[PDB]
Q: 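Quick one: structure below, then a few questions.
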Amino acid sequence: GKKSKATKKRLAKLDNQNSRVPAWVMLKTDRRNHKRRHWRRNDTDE
Amino acid sequence: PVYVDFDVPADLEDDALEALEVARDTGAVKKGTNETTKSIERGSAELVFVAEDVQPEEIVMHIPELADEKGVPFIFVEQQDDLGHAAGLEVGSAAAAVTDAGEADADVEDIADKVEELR
Amino acid sequence: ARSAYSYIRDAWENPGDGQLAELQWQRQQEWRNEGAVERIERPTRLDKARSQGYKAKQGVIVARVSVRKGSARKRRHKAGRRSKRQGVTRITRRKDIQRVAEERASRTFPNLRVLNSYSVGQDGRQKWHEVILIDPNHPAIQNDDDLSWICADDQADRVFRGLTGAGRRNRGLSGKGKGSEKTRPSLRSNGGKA
Amino acid sequence: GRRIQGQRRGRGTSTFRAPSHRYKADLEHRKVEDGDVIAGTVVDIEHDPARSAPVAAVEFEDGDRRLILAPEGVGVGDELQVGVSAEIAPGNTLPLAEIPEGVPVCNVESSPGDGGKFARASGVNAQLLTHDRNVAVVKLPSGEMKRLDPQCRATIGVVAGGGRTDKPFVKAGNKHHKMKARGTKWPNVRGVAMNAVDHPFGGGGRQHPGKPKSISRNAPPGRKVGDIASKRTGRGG
RNA sequence: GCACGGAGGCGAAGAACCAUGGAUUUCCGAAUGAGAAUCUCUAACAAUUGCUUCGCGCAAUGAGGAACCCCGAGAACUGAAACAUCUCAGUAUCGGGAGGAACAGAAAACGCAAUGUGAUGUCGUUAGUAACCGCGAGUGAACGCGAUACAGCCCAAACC
RNA sequence: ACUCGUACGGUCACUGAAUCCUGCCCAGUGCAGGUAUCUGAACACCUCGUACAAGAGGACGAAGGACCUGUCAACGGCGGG
RNA sequence: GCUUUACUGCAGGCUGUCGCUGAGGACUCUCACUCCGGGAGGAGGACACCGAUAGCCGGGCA
Ligand SMILES: [Cl-]
Ligand SMILES: [Cl-]
Ligand SMILES: [Cl-]
Ligand SMILES: [K+]
Ligand SMILES: [Mg+2]
Ligand SMILES: [Mg+2]
Ligand SMILES: [Mg+2]
Ligand SMILES: [Mg+2]
Ligand SMILES: [Mg+2]
Ligand SMILES: [Mg+2]
Ligand SMILES: [Mg+2]
Ligand SMILES: [Mg+2]
Ligand SMILES: [Mg+2]
Ligand SMILES: [Mg+2]
Ligand SMILES: [Mg+2]
Ligand SMILES: [Mg+2]
Ligand SMILES: [Mg+2]
Ligand SMILES: [Mg+2]
Ligand SMILES: [Mg+2]
Ligand SMILES: [Mg+2]
Ligand SMILES: [Mg+2]
Ligand SMILES: [Mg+2]
Ligand code: NA
Ligand code: NA
Ligand code: NA
Ligand code: NA
Ligand code: NA
Ligand code: NA
Ligand code: NA
Ligand code: NA
Ligand code: NA
Ligand code: NA
Ligand code: NA
Ligand code: NA
Ligand code: NA
Ligand code: NA
């Protein structure tokens, strides 16, 4: 497919939201990413 | 048009409006259909004017017959703004009434006769 | 003595007689060629207009609206209906043609508000009405002690809420006594039975 | 039940519409101010997809290039004329009045200046019979006598492509190709071969119409099918 | 900030924090120069209107909102131990629109008939009464009264 | 919509290449045409009734029906004695 | 769901009547209205269309 500049921006964001809760946050809160979307098992909008 | 049963030659109309202009400065004049109507009714009308470019026509349809059952003379005028200006208004006037001419009773009288003869 | 106005009125009591008759036979011809909503410089019935609130003044507008004659233009049922509800031909709308006309006009002038309206005749397939509208934003009107009332916020879209004269009669609000049990203070508060 | 096929037609959906975008020209007579000085030359002879008959391209003295309902016997180079003074030869257009009787005509106007309505299909022709200062009796291809305003313009000769109906299609495929150029749904399923719900003749253990086929003129759509207001049926008698 | 880490920083030049007021406030969005799945193309109140210096110059409308409110459109399951009028119900749902509340409102009223009451909503009652109805099942007010709150006015025309 | 179409058209149906053929039946039903007379609603009209009105009756009479005819490659029928 | 000479209705078609609608049981005209014509103008014309109502037909539909 051919994506637009906007679609590409959205895909970029989703890829980013797909990162882990940093190590320090675990310590800072004395102790999950409920938005872990897998490219195969999951499906994105559009 | 529906209330107009005869045609007033340009010249006559000219003399008529001329008379009206002096009438306002010497004698008295009534400007406005409502004020003209009350003249014809109160009899204090010597000569009444009525435009032909009036829309809606209802505003004047009555003038003819009213004036005819009151013996008051009337004449038609093509323009509406000329009658208004001749009366001394910065606006137009659908109808006007010469309430007692002034230094023009001679002309008015004649203009009246000319129309009567014009049937 | 009689006002000149009284003559316009007296003529319109019989729009099918005299000079008015011939006048209408002519006008409608032009009217049938105009649109659905035509703005006009002067009311066809001065006496009526003035009687209803009209005034030769800035912010006061008049428009002639044409509307089809007859019952409701209804589509037949496309699902089950008991015989009582299978009608199409005899069903008529609960809003009279004059109100339809007042609404078509107000929509045409989104910024204006309906003041009143009156009939100006009909041929065999349509009726014409002249509607008087007002510019609630023009200072010439905001300063008129006899009209500035229509400038208030709660008078917005008054025609669509039945606050018009024709709107109120059609709502059965004329009678203050017997017969108006289900109409006043409103049709809706009375469970729509009036 | 469900709306019958005849009812699906009226909605004008794709399946029922004619391939208009593939058509060439709306064959109509020219509009002459008056005089007849309007003449043009046949430039080419083309096939008309809408009628399965030829049509001729013509260039007029006033630079106008338009296709025209071609009568039989018109060739490239030929000069045609349209007007009250038009010569009386095949391919020329002029009011019925100026036309001599006994002369076959085609593309006849129903109302003077309407551009022509009658006698326009392959090889057909109208027959101007009577004149008058009022009526111009013409016999249309159906055989009917049509009284017409003599001011109605027409074209001399029979329409081109005559005899097209003499050859059988022989096969379904040919029908198909022609059908594809018309605003028509094809092939045709018999009503009696349908289900009760789909047609007044549908249903049954065997195929046969349920009632009699002759239907009243007043019958409603959805029911007017079979032999519409037939004055008689069969061949006998 | 939630958020309790690491590094580092700010605060007596009174920070954090709270209140009011102001600044900033990307793009799409009624979305308004034109187009578009939040981007793009070459000056913009697009569109409909009022006024008009007749120039978008001055203005209006559009869309939102928990329900409430007003004006239109309007079922069926169901009940009647079937069912068609009736009922469910002017309900559900749909179209249009207002406000902080709407709507109504100073009698061409009432009609305890009077030597009487005196704008309008609403609450209690009148009353399941009067009235409707395959006179079946069902449906169903008002005047008056006791309260709440109270407020009465402007045009058109005559004559100018 | 058909239709940039016009009876050599296109709509609505039945049968279903070719070959040899396709009889009898119009009473019923359908469709269609005609029709002296009969039947046939409302408005307007006339009479009675009502200081008006409800209402009753009369005159006139459209399509339709009765009645007559045409039609089965129209629904269909083609027996007992 | 489907059928029909089941019951009751509802669209639709035909037909009368009223409005649009005008001049002089049969008739002429033109001015509304309709259509053709770029226009001038032609054809049609108080009919048709449309609005209202009445009778008939009316498993097309509920
Ligand atoms: Cl409004
Ligand atoms: Cl074919
Ligand atoms: Cl009382
Ligand atoms: K029910
Ligand atoms: Mg990564
Ligand atoms: Mg309320
Ligand atoms: Mg064509
Ligand atoms: Mg064939
Ligand atoms: Mg096709
Ligand atoms: Mg087949
Ligand atoms: Mg089958
Ligand atoms: Mg069926
Ligand atoms: Mg078979
Ligand atoms: Mg068979
Ligand atoms: Mg934009
Ligand atoms: Mg039940
Ligand atoms: Mg029972
Ligand atoms: Mg109820
Ligand atoms: Mg009461
Ligand atoms: Mg005052
Ligand atoms: Mg046309
Ligand atoms: Mg059924
Ligand atoms: Na995926
Ligand atoms: Na408005
Ligand atoms: Na009611
Ligand atoms: Na069958
Ligand atoms: Na902000
Ligand atoms: Na704006
Ligand atoms: Na401007
Ligand atoms: Na039950
Ligand atoms: Na049941
Ligand atoms: Na009942
Ligand atoms: Na008491
Ligand atoms: Na038979
Ligand atoms: Na028969
Ligand atoms: Na079923």
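Within every chain, numbering begins at 1; the chains are lettered A, B, ... in the order of the sequence lines, protein sequences first and strands thereafter. Because only heavy atoms are used, hydrogens play no part in the values below, and waters and symmetry mates are left out as well, while side chains stay in.
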Q: For nucleotides 143-160 of chain E, give me one character per nucleotide, 5' to 3': B if any protein heavy atom sits under 4.0 Å from the base, S if the only such contacts are to the sugar-phosphate, - if neither.
A: -----------SSSSSSS

Q: Start with the C-alpha gap between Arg171(C) and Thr164(C), add the side-chain angles, then the distance that decides, and say whether side chain to side chain donor-acceptor pair (under 3.5 Å) holds.
A: CA-CA 10 Å; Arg171(C) 284 203 288 162; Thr164(C) 237; over 6 Å; no

Q: Considering only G5(F), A59(E), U3(G), which nucleotide approaches the side chain of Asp26(D) most closely?
A: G5(F)

Q: Quick test of your reading of the model: are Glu103(C) and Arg107(C) salt-bridged, counting only N-O distances below 4.0 Å?
A: yes

Q: Do the charged groups of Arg10(A) and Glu46(A) touch, with an N to O distance under 4.0 Å?
A: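 A salt bridge is present here (some side-chain N lies under 4.0 Å from a carboxylate O).
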
Q: Between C71(E) atom P and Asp157(C) atom CG, what is the distance in whole Å?
A: 15 Å

Q: Check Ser39(B) against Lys30(B) and note the closest heavy-atom contact, atom names and distance.
A: OG-CG, 3.5 Å

Q: Take atom P in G35(E) and the same atom in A47(E), then report the distance between them in whole Å.
A: 11 Å

Q: What I want to check is whether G121(E) forms a Watson-Crick or wobble pair with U148(E), both distances being under 3.5 Å.
A: yes

Q: Is there a Watson-Crick or G-U wobble pair linking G99(E) and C68(E), both distances under 3.5 Å?
A: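 Given the Watson-Crick and G-U criteria, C68(E) is paired with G99(E).
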
Q: If a pair means Watson-Crick or G-U wobble with both distances below 3.5 Å, are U117(E) and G50(E) one?
A: no

Q: For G61(F), does the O4'-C1'-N9-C4 (purine) or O4'-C1'-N1-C2 (pyrimidine) torsion place it in syn, i.e. within 90° of 0, or in anti?
A: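 Glycosidic conformation of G61(F): syn.
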
Q: With both distances under 3.5 Å required, do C145(E) and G124(E) pair Watson-Crick or G-U wobble?
A: yes

Q: Determine the Euclidean distance between corresponding P atoms of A23(G) and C36(G); express it in Å to zero decimal places.
A: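 That atom pair is separated by 29 Å.
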
Q: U139(E) with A131(E): Watson-Crick or G-U wobble pair, both contacts under 3.5 Å?
A: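 A pair, by the stated definition.
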
Q: How far does the P atom of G90(E) sit from the matching atom of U61(E), given to the nearest Å?
A: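 Result for the P pair: 39 Å, nearest Å.
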
Q: Under 6.0 Å from the ring centre and within 45 degrees of the ring axis: does the NZ or CZ of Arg8(D) meet both conditions for the six-membered ring of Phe16(D)?
A: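 Relative to the ring axis of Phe16(D), which defines the angle, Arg8(D) lies outside at least one limit.
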
Q: Convert the base pairs of RNA chain F into dot-bracket notation, remembering that pairs crossing earlier ones are written with [ ] and that bases paired across to another strand are shown as |; include only Watson-Crick or G-U pairs under 3.5 Å.
A: ......................(((..(((((((..(((.....((((......)))).....))))))))..)))))...

Q: Would you list the protein and nucleotides 6-9 of chain G atom pairs, both N or O, that sit under 3.5 Å from each other?
A:
{"unit_1": "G9(G)", "atom_1": "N2", "unit_2": "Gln86(C)", "atom_2": "OE1", "d": "2.9"}

Q: Examine the six-membered rings in the bases of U24(E) and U25(E) and report whether their centres are under 5.5 angstrom apart and their planes under 30 degrees.
A: yes

Q: Can you check whether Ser186(C) has a side-chain N or O nearer than 4.0 Å to OP1 or OP2 of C70(E)?
A: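 Looking at the OP1 and OP2 atoms of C70(E), one of them is under 4.0 Å from a side-chain N or O of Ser186(C).
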
